[PDB]
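Below sits a lone chain in structure tokens, taken as the form deposited in one PDB entry.
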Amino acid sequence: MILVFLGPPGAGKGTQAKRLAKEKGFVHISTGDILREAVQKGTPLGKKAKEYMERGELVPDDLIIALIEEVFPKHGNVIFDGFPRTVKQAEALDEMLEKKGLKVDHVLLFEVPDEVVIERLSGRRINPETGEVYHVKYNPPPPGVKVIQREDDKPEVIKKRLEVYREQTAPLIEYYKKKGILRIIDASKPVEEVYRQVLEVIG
């Protein structure tokens, strides 16, 4: 099965994907996570991506498309999270899959308002040891667990990331609505309620 999670920065795509991964064996592909690790390691890929990620801009389609080619899991059910972000990326993904006689089964649009985006990301905390994701209010790290705030969760960068999302996702939504595989979910609900909508759409 191939799933795509679409949604604003902070919608909880990673949170949901990481739960399907551990509970139903899905292979979770988060282009943001993969790029962040490259940047941290200072590989050629990380050097190339750093400038965009720092400013809350999209990494160019050509680099992302090549990346997805390289990281595509050969086996297993896959969740693409934060990919595609443009129609060009979605077309490349649809072609890659078609060559394999696969398709995208479902596109889940995680809808939240801007206010909630800002709330979710500004309060987002990561255990740097494991990459586990917490939220200062909604899902705090337990006592004793040291956490950091991502540099790109700073207010100016969140705002740019949100802007780029609201602009670029419009044609992508249309693209998948045309195929009849898009399902909206209210991602403004608690994590458990969101997970349930997810399972409902895919089951």
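Take the two forms, find the largest set of C-alpha atoms that superpose within 1.5 Å, and that set is the rigid core. Position 1 is the first residue in the sequence shown; the rest follow in order.
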| Stretch departing more from the displayed form, 167-175 or 140-148, Cα RMS in 7 other deposited structures of this protein (core fit) | 140-148
| remark: Note: with structures superposed on the core, the stretch whose C-alphas sit farther off in 7 other deposited structures of this protein, 49-57 or 155-163, is 49-57
| query | Should the higher mean CA B-factor in the entry be assigned to 95-103 or to 73-81? | reply | 95-103
| query | Which wins on mean Cα temperature factor, 61-69 or 151-159? | reply | 151-159
| request: By the entry's C-alpha temperature factors, tell me which of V145, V136, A170, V164 sits highest. | output: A170
| Per the coordinate record, which of the options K47, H28, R36, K177 holds the highest CA temperature factor? | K177
| Hey, what third does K24 fall into on Cα B-factor, ranked over its chain? | highest
| task | Rank-wise, by C-alpha B-factor, drop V191 into the lowest, middle or highest third of its chain. | result | middle
| CA B-factor placement of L121, once the chain's modelled residues are sorted into thirds | lowest
| said: Sorting by Cα B-factor within the chain, modelled residues only, which third would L108 end up in: lowest, middle or highest? | reply: middle
| task | Select lowest, middle or highest to describe the third in which the CA B-factor of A11 falls within its chain in this entry. | result | lowest
